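Peer 1: Structure provided below as structure tokens; questions to follow.
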2 protein chains.
Amino acid sequence: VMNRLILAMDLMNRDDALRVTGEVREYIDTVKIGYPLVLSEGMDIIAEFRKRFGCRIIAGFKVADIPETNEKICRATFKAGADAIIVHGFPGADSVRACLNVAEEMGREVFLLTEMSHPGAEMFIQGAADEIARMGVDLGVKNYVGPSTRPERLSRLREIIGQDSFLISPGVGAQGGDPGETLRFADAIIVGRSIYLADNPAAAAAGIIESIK
Amino acid sequence: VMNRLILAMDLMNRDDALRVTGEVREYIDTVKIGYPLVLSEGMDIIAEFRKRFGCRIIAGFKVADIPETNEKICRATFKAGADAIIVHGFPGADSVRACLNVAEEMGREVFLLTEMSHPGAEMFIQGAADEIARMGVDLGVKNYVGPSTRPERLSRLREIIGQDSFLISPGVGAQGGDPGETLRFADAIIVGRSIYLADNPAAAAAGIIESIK
Ligand SMILES: O=c1[nH]c(=O)n([C@@H]2O[C@H](COP(=O)(O)O)[C@@H](O)[C@H]2O)cc1F
Ligand SMILES: O=c1[nH]c(=O)n([C@@H]2O[C@H](COP(=O)(O)O)[C@@H](O)[C@H]2O)cc1F
Ligand SMILES: [Cl-]
Ligand SMILES: [Cl-]
């Protein structure tokens with residue numbers, strides 16, 4: 001990923017989303033698009049980003065349904081042009097495998113979300129996170145998502161998945177995570193509000209990159 | 001809910017989804033629409049269902065993001081016309097409260113998903129389900145979702161939420177759940193494939209209703 005920086009584009013109207021992404025297009029080649037934008041503007045927005053910016057698109061949908069429905073969601077998402085999709089690991093192995101099947105069939109990628117970055121993640125997710133990570137490793141998952149807000153947890157996740165696995169991490173900036181510290185373990189950081197809500201998105205992105213040069 | 005029957009409309013194209021729902025419109029007044037249909041046809045499909053069938057719409061999105069993003073998803077979903085939204089409880093209390101805030105503001109409902117119906121749910125969700133249910137009760141949540149595939153678990157969920165709470169349950173039909181048995185604890189059953197994939201959807205719906213007269 002260019003500059004180890006993935007833009008989380010969660011603005012909810014096409015004009016703003018496209019304008020801000022355009023402002024920082026020179027600093028990134030990977031954008032994470034989620035439900036805030038997709039539900040507001042439609043899935044066609046994914047193709048718009050790919051054509052306008054030539055960027056990789058990660059659908060941050062965090063699929064968490066039964067196997068059959070997960071397959072349908074992945075199919076629809078990849079048909080829309082997404083290069084990868086984020087999947088929740090908490091629902092179990094069968095739900096993850098359903099996504100892996102579609103990804104292999106269509107030549108796309110699955111990112112396994114192991115532990116989340118918000119406070120509430122401590123209640124139920126954290127206690128299952130290490131096992132979720134091991135589940136991914138046992139199934140051959142190569143891409144993971146871990147929390148920037150809990151450095152020691154992110155470090156443990158890295159130990160479980162190994163050096164060869166790709167790890168991205170949200171929670172940088174607005175949620176309190178530090179770019180440099182997070183990159184001690186993750187290969188790339190996900191940054192949303194710190195950039196898209198900044199008075200000068202380009203300056204914000206450049207500042208983050210400067211701090212991790 | 002009419003006939004204690006909620007149609008899970010997971011077909012992925014407008015014509016088929018509307019045609020099948022029309023075939024069974026006399027048997028239901030509540031439809032659960034999820035990502036398979038919404039991502040394929042756009043969120044405007046919710047308003048289409050409401051105007052064509054005059055039915056209640058439950059968005060089976062099972063929101064499972066951080067508080068800030070959950071708020072955005074709920075806002076977009078309710079703006080689209082959904083009467084209620086299903087929210088995953090595993091991400092914690094703050095993520096649930098974010099949804100409750102928007103629902104209260106817009107005069108809509110939140111359904112808390114405790115335990116899931118598929119096999120993989122046993123890995124991590126099941127062990128946290130009773131506590132997730134208690135979390136909902138402590139926050140004043142009145143609508144819940146529990147598994148038809150595990151009758152004793154559904155029974156335990158009912159005991160935790162009390163007789164006053166509203167409980168709906170998926171996993172009936174295709175996943176093996178029995179309509180009558182499930183209704184010993186749930187107030188309404190969610191049925192998808194057993195109806196929408198049937199040779200005669202109307203006959204399938206009528207048959208289910210007949211078995212629970
Ligand atoms: O654990 C997680 N934490 C997150 O913050 N996210 C997403 O990353 C993004 C974080 O953006 P921020 O604005 O930089 O906080 C946003 O899209 C979230 O929904 C997902 C996760 F899986
Ligand atoms: O635990 C769950 N099990 C489910 O099956 N579902 C949804 O209910 C529906 C079940 O449909 P079926 O075709 O009757 O199995 C479908 O939309 C699922 O995504 C959600 C859940 F939260
Ligand atoms: Cl995400
Ligand atoms: Cl659902």
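Labels used: A, B, ... for chains in the order of the structure tokens, numbers from 1 for residues in each chain, and numbers from 1 for ligands as shown.
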Kindly provide, as a VMD selection string, the residues of chain B having any atom no farther than 7 Å from an atom of chain A, counting only C-alpha atoms.
Peer 2: chain B and resid 35 to 36 39 to 40 42 to 43 66 72 to 73 76 90 to 95 118 120 to 121 123 to 125 128
Peer 1: Just to be explicit: take each residue in the selection above, keep N, CA, C and O atoms, and write the result as a PDB file, in the first residue's frame.
Peer 2:
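The result, stored in part.pdb:
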```
ATOM      1  N   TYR B  35     -28.674  -6.811   3.276  1.00  0.00           N
ATOM      2  CA  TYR B  35     -27.680  -6.376   2.316  1.00  0.00           C
ATOM      3  C   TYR B  35     -27.731  -7.054   0.949  1.00  0.00           C
ATOM      4  O   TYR B  35     -27.414  -6.423  -0.054  1.00  0.00           O
ATOM      5  N   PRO B  36     -28.132  -8.337   0.879  1.00  0.00           N
ATOM      6  CA  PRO B  36     -28.169  -8.931  -0.461  1.00  0.00           C
ATOM      7  C   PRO B  36     -29.023  -8.114  -1.431  1.00  0.00           C
ATOM      8  O   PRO B  36     -28.611  -7.846  -2.559  1.00  0.00           O
ATOM      9  N   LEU B  39     -27.685  -3.959  -1.388  1.00  0.00           N
ATOM     10  CA  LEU B  39     -26.439  -3.689  -2.097  1.00  0.00           C
ATOM     11  C   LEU B  39     -26.608  -3.895  -3.598  1.00  0.00           C
ATOM     12  O   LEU B  39     -25.967  -3.216  -4.399  1.00  0.00           O
ATOM     13  N   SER B  40     -27.488  -4.817  -3.976  1.00  0.00           N
ATOM     14  CA  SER B  40     -27.743  -5.110  -5.381  1.00  0.00           C
ATOM     15  C   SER B  40     -28.644  -4.091  -6.086  1.00  0.00           C
ATOM     16  O   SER B  40     -28.417  -3.766  -7.254  1.00  0.00           O
ATOM     17  N   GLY B  42     -29.907  -1.017  -4.300  1.00  0.00           N
ATOM     18  CA  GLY B  42     -29.856   0.307  -3.707  1.00  0.00           C
ATOM     19  C   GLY B  42     -30.845   0.449  -2.565  1.00  0.00           C
ATOM     20  O   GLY B  42     -31.867  -0.236  -2.521  1.00  0.00           O
ATOM     21  N   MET B  43     -30.546   1.349  -1.636  1.00  0.00           N
ATOM     22  CA  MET B  43     -31.405   1.574  -0.482  1.00  0.00           C
ATOM     23  C   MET B  43     -32.808   2.071  -0.817  1.00  0.00           C
ATOM     24  O   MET B  43     -33.717   1.965   0.005  1.00  0.00           O
ATOM     25  N   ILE B  66     -17.897   0.629  14.930  1.00  0.00           N
ATOM     26  CA  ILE B  66     -17.629   1.463  16.096  1.00  0.00           C
ATOM     27  C   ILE B  66     -18.822   2.407  16.262  1.00  0.00           C
ATOM     28  O   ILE B  66     -19.603   2.602  15.331  1.00  0.00           O
ATOM     29  N   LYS B  72     -23.908   6.612  11.795  1.00  0.00           N
ATOM     30  CA  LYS B  72     -24.069   6.954  10.384  1.00  0.00           C
ATOM     31  C   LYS B  72     -24.900   5.917   9.633  1.00  0.00           C
ATOM     32  O   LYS B  72     -25.769   6.271   8.834  1.00  0.00           O
ATOM     33  N   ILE B  73     -24.635   4.638   9.883  1.00  0.00           N
ATOM     34  CA  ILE B  73     -25.376   3.580   9.207  1.00  0.00           C
ATOM     35  C   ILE B  73     -26.850   3.641   9.595  1.00  0.00           C
ATOM     36  O   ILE B  73     -27.729   3.541   8.737  1.00  0.00           O
ATOM     37  N   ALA B  76     -28.574   6.688   7.913  1.00  0.00           N
ATOM     38  CA  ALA B  76     -28.824   6.458   6.493  1.00  0.00           C
ATOM     39  C   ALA B  76     -29.974   5.475   6.299  1.00  0.00           C
ATOM     40  O   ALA B  76     -30.827   5.657   5.431  1.00  0.00           O
ATOM     41  N   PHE B  90     -22.474  -8.206  19.956  1.00  0.00           N
ATOM     42  CA  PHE B  90     -21.105  -8.553  20.319  1.00  0.00           C
ATOM     43  C   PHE B  90     -20.076  -7.413  20.333  1.00  0.00           C
ATOM     44  O   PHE B  90     -19.102  -7.488  21.075  1.00  0.00           O
ATOM     45  N   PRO B  91     -20.267  -6.350  19.528  1.00  0.00           N
ATOM     46  CA  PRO B  91     -19.267  -5.275  19.587  1.00  0.00           C
ATOM     47  C   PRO B  91     -19.331  -4.419  20.861  1.00  0.00           C
ATOM     48  O   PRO B  91     -18.522  -3.513  21.042  1.00  0.00           O
ATOM     49  N   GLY B  92     -20.296  -4.679  21.736  1.00  0.00           N
ATOM     50  CA  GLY B  92     -20.338  -3.910  22.969  1.00  0.00           C
ATOM     51  C   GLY B  92     -21.442  -2.887  23.145  1.00  0.00           C
ATOM     52  O   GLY B  92     -22.152  -2.532  22.202  1.00  0.00           O
ATOM     53  N   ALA B  93     -21.547  -2.381  24.370  1.00  0.00           N
ATOM     54  CA  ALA B  93     -22.579  -1.425  24.750  1.00  0.00           C
ATOM     55  C   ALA B  93     -22.533  -0.063  24.076  1.00  0.00           C
ATOM     56  O   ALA B  93     -23.581   0.494  23.747  1.00  0.00           O
ATOM     57  N   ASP B  94     -21.339   0.492  23.882  1.00  0.00           N
ATOM     58  CA  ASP B  94     -21.253   1.797  23.243  1.00  0.00           C
ATOM     59  C   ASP B  94     -21.755   1.732  21.802  1.00  0.00           C
ATOM     60  O   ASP B  94     -22.452   2.634  21.338  1.00  0.00           O
ATOM     61  N   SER B  95     -21.426   0.655  21.098  1.00  0.00           N
ATOM     62  CA  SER B  95     -21.887   0.505  19.723  1.00  0.00           C
ATOM     63  C   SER B  95     -23.406   0.340  19.677  1.00  0.00           C
ATOM     64  O   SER B  95     -24.055   0.799  18.738  1.00  0.00           O
ATOM     65  N   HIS B 118     -26.511 -20.027  12.844  1.00  0.00           N
ATOM     66  CA  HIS B 118     -25.647 -20.956  12.121  1.00  0.00           C
ATOM     67  C   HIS B 118     -24.663 -21.689  13.028  1.00  0.00           C
ATOM     68  O   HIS B 118     -24.389 -21.251  14.146  1.00  0.00           O
ATOM     69  N   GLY B 120     -21.376 -21.944  13.131  1.00  0.00           N
ATOM     70  CA  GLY B 120     -20.251 -21.153  13.594  1.00  0.00           C
ATOM     71  C   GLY B 120     -20.525 -20.267  14.794  1.00  0.00           C
ATOM     72  O   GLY B 120     -19.593 -19.835  15.473  1.00  0.00           O
ATOM     73  N   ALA B 121     -21.798 -19.991  15.056  1.00  0.00           N
ATOM     74  CA  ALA B 121     -22.174 -19.150  16.183  1.00  0.00           C
ATOM     75  C   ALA B 121     -21.720 -19.761  17.504  1.00  0.00           C
ATOM     76  O   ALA B 121     -21.583 -19.063  18.503  1.00  0.00           O
ATOM     77  N   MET B 123     -18.801 -20.990  18.165  1.00  0.00           N
ATOM     78  CA  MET B 123     -17.408 -20.675  18.452  1.00  0.00           C
ATOM     79  C   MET B 123     -17.156 -19.521  19.412  1.00  0.00           C
ATOM     80  O   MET B 123     -16.395 -19.670  20.371  1.00  0.00           O
ATOM     81  N   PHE B 124     -17.792 -18.379  19.170  1.00  0.00           N
ATOM     82  CA  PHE B 124     -17.576 -17.215  20.022  1.00  0.00           C
ATOM     83  C   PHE B 124     -18.841 -16.514  20.489  1.00  0.00           C
ATOM     84  O   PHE B 124     -18.896 -16.014  21.610  1.00  0.00           O
ATOM     85  N   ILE B 125     -19.858 -16.472  19.638  1.00  0.00           N
ATOM     86  CA  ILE B 125     -21.087 -15.773  19.989  1.00  0.00           C
ATOM     87  C   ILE B 125     -21.887 -16.426  21.107  1.00  0.00           C
ATOM     88  O   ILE B 125     -22.310 -15.752  22.047  1.00  0.00           O
ATOM     89  N   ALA B 128     -21.101 -15.646  24.694  1.00  0.00           N
ATOM     90  CA  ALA B 128     -21.320 -14.263  25.103  1.00  0.00           C
ATOM     91  C   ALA B 128     -22.789 -13.853  25.023  1.00  0.00           C
ATOM     92  O   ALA B 128     -23.172 -12.806  25.540  1.00  0.00           O
TER      93      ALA B 128
END
```
Peer 1: Grab me every residue within 9 Å of ligand 4, counting only C-alpha atoms and all ligand atoms, and send it over as a ChimeraX atom specification.
Peer 2: /A:65 /B:8,32-34,58-62,85-87,113,145,170,190
Peer 1: Pull the strand (DSSP E) assignments for stretch 9-212 of chain B out of DSSP run on the backbone, and list those residues as a PyMOL selection string.
Peer 2: chain B and resi 9+30-33+56-63+84-88+109-113+143-145+166-169+188-191
Peer 1: Can you pull out every residue within 10 Å of stretch 173-189 of chain A, counting only C-alpha atoms, but drop anything in the same chain fewer than 3 positions away, and send it as a short mmCIF file (atom, residue, chain, number, x, y, z; two decimals) with N, CA and C atoms, in the first residue's frame?
Peer 2:
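Written file, part_18.cif:
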```cif
data_model
loop_
_atom_site.label_atom_id
_atom_site.label_comp_id
_atom_site.auth_asym_id
_atom_site.auth_seq_id
_atom_site.Cartn_x
_atom_site.Cartn_y
_atom_site.Cartn_z
N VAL A 1 0.85 -1.22 0.00
CA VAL A 1 0.00 0.00 0.00
C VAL A 1 0.87 1.25 0.00
N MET A 2 0.58 2.17 -0.92
CA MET A 2 1.37 3.39 -1.02
C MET A 2 1.38 4.17 0.30
N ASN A 3 2.59 4.54 0.73
CA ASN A 3 2.80 5.29 1.97
C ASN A 3 2.23 4.62 3.21
N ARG A 4 1.93 3.33 3.12
CA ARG A 4 1.37 2.57 4.24
C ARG A 4 0.14 3.28 4.79
N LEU A 5 -0.53 4.04 3.93
CA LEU A 5 -1.69 4.81 4.34
C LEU A 5 -2.96 4.51 3.55
N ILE A 6 -3.98 4.04 4.26
CA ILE A 6 -5.26 3.71 3.64
C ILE A 6 -6.29 4.72 4.12
N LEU A 7 -6.93 5.41 3.19
CA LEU A 7 -7.94 6.39 3.53
C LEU A 7 -9.29 5.74 3.78
N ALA A 8 -9.87 6.00 4.95
CA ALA A 8 -11.20 5.48 5.28
C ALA A 8 -12.14 6.61 4.86
N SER A 117 -11.25 -1.56 17.52
CA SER A 117 -10.59 -0.44 18.18
C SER A 117 -11.34 0.37 19.22
N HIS A 118 -12.67 0.30 19.23
CA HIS A 118 -13.46 1.09 20.17
C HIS A 118 -13.51 0.48 21.57
N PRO A 119 -13.87 1.28 22.59
CA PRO A 119 -13.95 0.79 23.97
C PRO A 119 -14.78 -0.47 24.15
N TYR A 144 -5.27 -9.31 7.63
CA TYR A 144 -5.93 -9.09 8.91
C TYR A 144 -6.11 -7.62 9.27
N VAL A 145 -7.03 -7.39 10.20
CA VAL A 145 -7.31 -6.05 10.72
C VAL A 145 -7.25 -6.14 12.25
N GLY A 146 -6.47 -5.25 12.85
CA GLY A 146 -6.28 -5.20 14.30
C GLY A 146 -6.32 -3.76 14.78
N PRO A 147 -6.57 -3.52 16.08
CA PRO A 147 -6.66 -2.18 16.68
C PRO A 147 -5.42 -1.35 16.99
N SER A 148 -5.40 -0.14 16.45
CA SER A 148 -4.30 0.80 16.68
C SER A 148 -4.36 1.32 18.12
N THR A 149 -5.56 1.34 18.69
CA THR A 149 -5.80 1.83 20.04
C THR A 149 -5.27 0.95 21.17
N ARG A 150 -4.87 -0.27 20.84
CA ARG A 150 -4.33 -1.19 21.84
C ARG A 150 -3.05 -1.80 21.28
N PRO A 151 -1.94 -1.07 21.39
CA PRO A 151 -0.63 -1.50 20.90
C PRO A 151 -0.17 -2.89 21.31
N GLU A 152 -0.35 -3.26 22.57
CA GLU A 152 0.08 -4.58 23.01
C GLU A 152 -0.81 -5.67 22.42
N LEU A 154 -2.29 -5.36 19.41
CA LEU A 154 -1.90 -5.40 18.01
C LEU A 154 -0.59 -6.19 17.87
N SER A 155 0.31 -6.02 18.83
CA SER A 155 1.59 -6.73 18.84
C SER A 155 1.35 -8.23 18.96
N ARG A 156 0.43 -8.61 19.84
CA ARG A 156 0.11 -10.02 20.04
C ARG A 156 -0.49 -10.59 18.76
N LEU A 157 -1.36 -9.81 18.11
CA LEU A 157 -1.98 -10.25 16.87
C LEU A 157 -0.90 -10.53 15.83
N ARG A 158 0.07 -9.62 15.72
CA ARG A 158 1.16 -9.81 14.78
C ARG A 158 1.92 -11.10 15.09
N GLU A 159 2.15 -11.38 16.36
CA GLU A 159 2.87 -12.60 16.73
C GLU A 159 2.11 -13.83 16.26
N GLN A 163 5.09 -12.88 10.44
CA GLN A 163 5.63 -11.76 9.69
C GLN A 163 5.15 -11.68 8.24
N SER A 165 2.13 -12.33 7.06
CA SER A 165 0.76 -11.87 6.91
C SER A 165 0.68 -10.35 6.79
N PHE A 166 -0.36 -9.87 6.11
CA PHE A 166 -0.57 -8.45 5.91
C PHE A 166 -1.55 -7.98 6.98
N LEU A 167 -1.17 -6.93 7.71
CA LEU A 167 -1.99 -6.41 8.79
C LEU A 167 -2.24 -4.91 8.65
N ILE A 168 -3.51 -4.52 8.64
CA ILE A 168 -3.86 -3.11 8.57
C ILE A 168 -4.56 -2.75 9.87
N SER A 169 -4.50 -1.47 10.25
CA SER A 169 -5.03 -1.08 11.55
C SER A 169 -5.73 0.27 11.62
N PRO A 170 -7.01 0.28 12.06
CA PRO A 170 -7.78 1.51 12.19
C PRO A 170 -7.70 2.01 13.64
N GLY A 192 -9.24 7.90 8.82
CA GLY A 192 -10.44 8.51 8.29
C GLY A 192 -10.59 9.98 8.62
N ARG A 193 -11.32 10.27 9.69
CA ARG A 193 -11.59 11.64 10.13
C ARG A 193 -10.40 12.58 10.24
N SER A 194 -9.28 12.10 10.75
CA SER A 194 -8.09 12.94 10.88
C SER A 194 -7.73 13.56 9.54
N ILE A 195 -8.15 12.91 8.46
CA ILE A 195 -7.89 13.43 7.12
C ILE A 195 -9.13 14.07 6.50
N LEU A 197 -11.95 15.17 7.68
CA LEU A 197 -12.64 16.24 8.39
C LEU A 197 -11.67 17.40 8.66
N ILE A 208 0.94 13.20 8.33
CA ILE A 208 1.00 11.83 8.82
C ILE A 208 2.18 11.12 8.17
N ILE A 209 2.30 11.27 6.85
CA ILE A 209 3.38 10.65 6.11
C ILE A 209 4.74 11.16 6.58
N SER A 211 5.52 12.17 9.52
CA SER A 211 5.82 11.59 10.83
C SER A 211 6.27 10.13 10.76
N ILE A 212 6.05 9.48 9.62
CA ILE A 212 6.44 8.08 9.47
C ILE A 212 7.41 7.85 8.32
N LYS A 213 8.06 8.92 7.86
CA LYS A 213 9.01 8.81 6.75
C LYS A 213 10.28 8.07 7.18
#
```
Peer 1: With only C-alpha atoms as the counted atoms, please give the residues lying no more than 10 Å from residue A:48, apart from itself and same-chain residues fewer than 5 positions off, as a PyMOL selection string.
Peer 2: chain A and resi 14+18+43+53-54+81
